[PDB]
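Q: My questions will all concern the structure given below.
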Number of protein chains: 2
Amino acid sequence: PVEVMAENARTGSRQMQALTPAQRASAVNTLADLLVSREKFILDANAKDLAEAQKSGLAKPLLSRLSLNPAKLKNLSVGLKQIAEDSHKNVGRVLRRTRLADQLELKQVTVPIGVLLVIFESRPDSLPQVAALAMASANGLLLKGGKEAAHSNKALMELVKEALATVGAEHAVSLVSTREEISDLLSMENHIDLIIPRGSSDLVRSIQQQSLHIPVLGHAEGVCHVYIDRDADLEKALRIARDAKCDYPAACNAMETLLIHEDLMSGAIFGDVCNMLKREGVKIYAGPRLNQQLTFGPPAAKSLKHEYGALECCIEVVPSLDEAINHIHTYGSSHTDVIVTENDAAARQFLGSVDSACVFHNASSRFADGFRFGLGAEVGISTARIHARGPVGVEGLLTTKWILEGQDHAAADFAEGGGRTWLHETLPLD
Amino acid sequence: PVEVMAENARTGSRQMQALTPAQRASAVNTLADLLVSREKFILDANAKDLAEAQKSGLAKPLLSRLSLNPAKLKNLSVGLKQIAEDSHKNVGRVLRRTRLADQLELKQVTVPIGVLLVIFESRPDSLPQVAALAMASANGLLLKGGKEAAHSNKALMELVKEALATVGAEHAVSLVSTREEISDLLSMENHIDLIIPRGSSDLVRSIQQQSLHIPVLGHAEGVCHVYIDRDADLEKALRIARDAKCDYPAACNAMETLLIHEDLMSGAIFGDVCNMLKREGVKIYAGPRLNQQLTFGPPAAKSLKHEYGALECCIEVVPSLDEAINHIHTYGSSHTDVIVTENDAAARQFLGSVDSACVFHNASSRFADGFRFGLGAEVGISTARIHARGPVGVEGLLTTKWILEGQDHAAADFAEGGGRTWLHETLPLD
Ligand SMILES: N[C@H](CCC(=O)OP(=O)(O)O)C(=O)O
Ligand SMILES: N[C@H](CCC(=O)OP(=O)(O)O)C(=O)O
C-alpha cells in the first residue's frame with residue numbers, strides 16, 4: 001500500500017531517533033561492508049536490467065547514466081565511509097545555552113525533518129548515497145524512481161534494508177515505485193515533508209509546476225553567469241571558459257552565458273575566446289548589444305532565459321558593473337556567478353552585491369557540487385529562497401526544538417507580582 | 001500601483017544592503033526618537049479612527065486590540081531600542097572559514113531573504129515592530145492590513161517613511177492596502193518571498209488554505225498539550241494549569257487540553273483541578289476514556305482537534321507515557337508541550353521523544369513568545385516543518401551565500417592531471 005508505508009516511516013524515524021552513539025555510524029559501516037560483499041548480485045542485476053532496457057533505446061542520457069561498474073561501487077563505498085566518519089554528531093547537538101532566572105535554562109537542540117520523499121530518474125548510483133544520508137540524519141526515508149532499472153533498484157533496496165535491519169530494529173526506509181502516480185502521493189500532505197528531486201531538469205520542472213503546497217528542494221534550471229573585468233589578464237579568462245563550458249555540457253550547474261567589459265572588446269579577447277570555442281566546437285548565439293557592435297555576427301537568440309545542456313553558450317556584453325548586476329538579477333535564475341580580475345574593490349563590491357546561490361573569485365562554476373566544498377556528500381542543489389542554498393549539505397536536513405528545564409515557574413509569576421527576573425546569560429554551549 | 005512597489009522594494013533592499021556599520025542601528029534609533037516626538041499626531045489619529053469605527057461595532061476582539069495609549073508607545077519605543085542594541089551584527093556575518101588548496105578559501109556569509117509581505121488585521125502596535133525588524137535585517141518590506149484603522153496605519157507609515165528617509169537614501173518600505181485583493185498579489189510570485197501573517201487565526205487559516213506555492217510563516221492553530229506524571233506533586237500542576245488556561249484564553253499558544261497519569265486519578269487531583277477551573281469558570285468537555293472511568297461526567301466533545309480561544313479546555317487521560325506521545329503526535333498540531341514531574345528518566349525520554357515546536361519541564365505553555373526567551377522581539381510563530389520553529393527570532397529572516405576567492409583555479413585542474421589537492425582545514429571563523 002502507500003500510506004501505511006509513510007506511517008511505518010514515521011514510526012521508525014522516532015525508533016532510530018534515540019540511537020546516536022556510534023550506532024548509525026556503525027550502521028552505515030556495515031552498509032558499506034554489505035555493499036562490498038554482495039557485488040556479483042547487484043552487478044549482474046544492473047547488467048541484465050540495463051541490457052533488457054537497451055532493446056527499447058529510450059534515451060541516450062538515461063541509457064548512459066544507467067551504467068554501473070566495480071569502479072563506481074568502490075567510489076560509493078568510500079564516499080559512504082567518509083559520511084560515516086564525519087557524521088558523528090549531526091544530531092542531538094546544542095546550539096545555545098541560555099538562562100533567564102534561577103534554575104531556568106534553555107537550549108536549542110537539533111532534530112530530524114521527518115518523512116522525506118526523494119524522487120529521481122533511475123541513477124542507481126544515488127540510492128545508497130541518500131540511504132546513508134537518511135540513516136545519518138536519522139530521518140526515515142521513502143524512495144521513488146522510474147520504471148527503468150527497477151530490478152536493480154529493488155536489489156539495492158534489499159541491500160539497504162538488510163543493512164538497516166542489522167541494528168536499528170526497524171525498516172525505517174522503504175521503496176514505492178512501479179506506477180505510483182506521482183501526482184497522487186504528491187498531492188497528499190501531512191505525511192511527506194521534503195520532496196528532493198534529483199534526476200534531471202525534467203523531474204524538477206515537472207515537479208515545480210506539478211507540486212503545490214509542499215516543501216521541496218532542487219533548483220529550476222542552472223542558468224549560470226560569468227563576468228570578466230578590464231583588470232583581468234586574458235589567459236585566466238581563457239582557461240576559465242574552458243573549465244566552464246568545455247568540460248560537462250549537460251551539468252546542472254554548468255555555465256550558459258558570459259559577459260565582458262565592453263572596453264576590452266579592443267583587446268582581441270573576443271576573437272581568442274570564440275576561436276577557442278570553435279576549437280572545441282561550441283554553438284554560438286549572442287545578444288542585442290553584440291548585434292549592434294559587430295556587422296556579421298553569430299545567429300540570433302531565441303530567448304535569453306533559455307537552456308541548452310550541450311555545446312551552446314550565449315554571450316552578451318555591457319559597460320557597467322552595475323549593469324552586469326542588473327542583468328544577472330533580471331534574467332538568470334541566479335544559481336551561480338563568478339568574477340575574474342585583480343582589483344578587489346570592484347570584486348568586493350560585486351561579491352557583496354549579487355544574490356545568487358553563491359559567488360566566486362577566479363574559480364569555475366563547475367566548482368559548485370558540495371563534494372568540492374569538503375561539505376560531505378551533498379543531497380541536491382537548492383536555489384529556493386529559504387532554508388538551504390547552493391550545495392545542500394547534510395546539515396540542510398535538520399531543524400530546531402527548544403527545551404526548558406525549570407523548577408516551578410510560570411508566566412504571570414515573572415510580572416511585577418512575583419520575584420522573577422530575566423538575565424539572558426549566554427552560557428558556554430556544551 | 002502594485003508591482004512597481006515590489007520592484008522599488010527590491011532595489012532599496014540592495015540599496016541598504018551595503019550599509020551595516022552603525023547605520024541601521026542609528027536608523028532605528030532615530031525611528032524611536034520620531035516615535036517619541038510626534039505622538040499627539042499619531043495618538044489623535046488612532047483615537048479618531050477607532051472612534052469612527054466604533055459606530056459600526058464589527059467585533060470586540062478587534063475593537064479591543066485596536067487600542068493604543070502612551071503606555072504602549074513607551075513600550076514600543078523601548079522594545080525598538082532593545083532591537084537596535086542587539087541588532088549589531090546580524091548581517092555580514094561569517095559562519096565557516098575553510099580552505100581547500102593553496103589560496104583557495106571560502107566562507108558562508110549571511111544575507112537578507114528578499115521582499116517580505118506581512119499581512120495582519122490592524123494591530124497598529126505591530127507596524128513599527130516589523131518595520132524595525134525589516135530595517136535591521138535590511139530586507140525591504142511591504143505591508144498590508146485591513147480597512148480598519150487605515151488612517152492610523154497611514155500615519156505610522158509616514159512615521160517610518162520619514163525615519164528611513166533620514167538616512168538610507170531610499171524608501172525601501174511601502175504600504176499597500178485599501179482593497180488590494182489578497183488573492184491577487186498572493187497569487188503573484190517571483191517578487192514576494194515570505195508571507196508573514198500575524199493577525200489571528202482567521203488570517204492564518206484563510207491564507208494557509210488560500211496560499212499556494214509561496215514560502216509562508218505562521219502556524220495553523222495553537223493546539224497545545226500538557227502532561228503530568230505519577231511523580232509530580234499536585235500544587236505544581238495546580239498553579240501550572242492556572243498559568244496555562246486562566247491567564248489569556250484567546251492566546252495563540254494558549255493551552256487547550258490536558259493529560260494525566262491515570263493511576264493518580266486516585267489522588268483527588270481531578271477534583272482539585274476541576275473545582276479550580278470552576279472557581280475560574282472554565283467550560284469543560286472531555287474524552288472517551290474519561291467517559292468510561294466516571295458515570296455522570298462533563299458533556300461530550302465535538303472533535304478532539306477543535307479550538308476554543310475562551311474558557312474551555314478538553315481533558316483526556318492515558319496510562320502510557322508512550323501512549324501520551326502517540327496522542328500528542330496524532331491529534332495536536334504539536335505547537336508546544338510541557339512535562340511536570342521530578343523523575344528525569346521519564347522526563348528526559350519524553351523531551352527526547354516528542355517533535356512539537358518546543359518542549360518544557362515545569363513551565364507554562366504561555367512561555368513561548370520569544371520575548372520570554374530573551375530572543376529579541378519576535379516576528380511571529382512558526383510551526384511549519386522547515387526553516388523556523390517556535391519563536392521565530394530575527395535570525396529567522398536570514399539565508400546563506402557562499403563566496404570563494406581563488407587565484408587561478410578550475411575543476412578539471414583538481415583531477416589527477418593537475419597538482420591540486422583538497423585540505424579541508426576549518427579556519428577559525430573571523
Ligand atoms: N558526477 C558528479 C559531478 C557532476 C555534478 O555536477 O554533480 P551531479 O549533478 O552529478 O550530482 C560527482 O560525482 O560529484
Ligand atoms: N501581548 C504579547 C504577549 C501575548 C502573546 O502571546 O504574544 P502575541 O500573540 O500577542 O504576539 C506581548 O506583548 O508579548
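Ligands are numbered from 1 in the order shown, residues from 1 within each chain, and chains are lettered A, B, ... in the order they appear in the C-alpha cells.
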Give me, as a PyMOL selection string, the contact residues of chain B against chain A at a cut-off of 7 Å, counting only C-alpha atoms.

A: chain B and resi 113+193+212-213+236+240+243+357-364+366-367+374+385-387+389+399-412+424

Q: Leaving out residue B:290 and any residue of its chain fewer than 4 positions from it, which residues lie within 12 Å of it when counting only C-alpha atoms, given as a VMD selection string?

A: chain B and resid 258 to 260 262 265 270 285 to 286 294 to 301 314 to 318

Q: Please report, as a VMD selection string, each residue of stretch 45-268 of chain A to which DSSP assigns helix (DSSP H, G or I) when run on this structure's backbone.

A: chain A and resid 45 to 54 60 to 65 70 to 86 127 to 137 150 to 166 182 to 187 201 to 210 234 to 246 262 to 267

Q: Figure out the distance between atom CA of residue B:157 and atom CA of residue B:5, please, to one decimal in Å.

A: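 So the answer is 14.4 Å.
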
Q: Applying 8 Å and only C-alpha atoms, which residues near residue A:122 remain after dropping the ones on its own chain fewer than 2 positions away? List them as a list in words.

A: residues 66, 120, 124, 145, 146, 147, 148, 149, 150, 153 and 199 of chain A

Q: For C-alpha atoms, I'd like the residues from the last selection saved as a CSV table (one decimal), in the first residue's frame.

A:
```
chain,number,residue,atom,x,y,z
A,66,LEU,CA,22.3,3.8,-16.1
A,120,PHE,CA,14.7,10.6,-9.2
A,124,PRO,CA,21.1,3.8,-9.0
A,145,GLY,CA,12.3,6.2,-9.1
A,146,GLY,CA,11.1,5.3,-12.6
A,147,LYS,CA,10.3,2.0,-14.3
A,148,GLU,CA,13.9,1.8,-15.7
A,149,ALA,CA,16.4,-0.2,-13.7
A,150,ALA,CA,13.5,-1.2,-11.3
A,153,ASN,CA,16.9,-0.5,-7.6
A,199,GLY,CA,17.1,13.2,-11.6
```

Q: Enumerate as an MDAnalysis selection string the residues within 6 Å of ligand 2, counting only C-alpha atoms and all ligand atoms.

A: chainID B and resid 251:252 369

Q: Residues within 8 Å of residue A:141, please, as a list in words. Count only C-alpha atoms; anything in the same chain fewer than 3 positions from it doesn't count.

A: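 Using only C-alpha atoms, the neighbours found are residues 9, 115, 116, 117, 118, 131, 134, 172, 173 and 174 of chain A.
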
Q: So that I can check the surroundings of stretch 72-83 of chain A, please list as a PyMOL selection string every protein, DNA and RNA residue that reaches within 12 Å of it, counting only C-alpha atoms and ignoring chain neighbours fewer than 4 positions away.

A: chain A and resi 24-40+42-43+46+65-68+87-90+123-137+156+371+374-379+393-394

Q: Compare A:277, A:381, A:195, A:223 by their minimum atom-to-atom distance to ligand 1, counting only C-alpha atoms and all ligand atoms, and give me the closest one.

A: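 Smallest separation from ligand 1 among the options: A:381.
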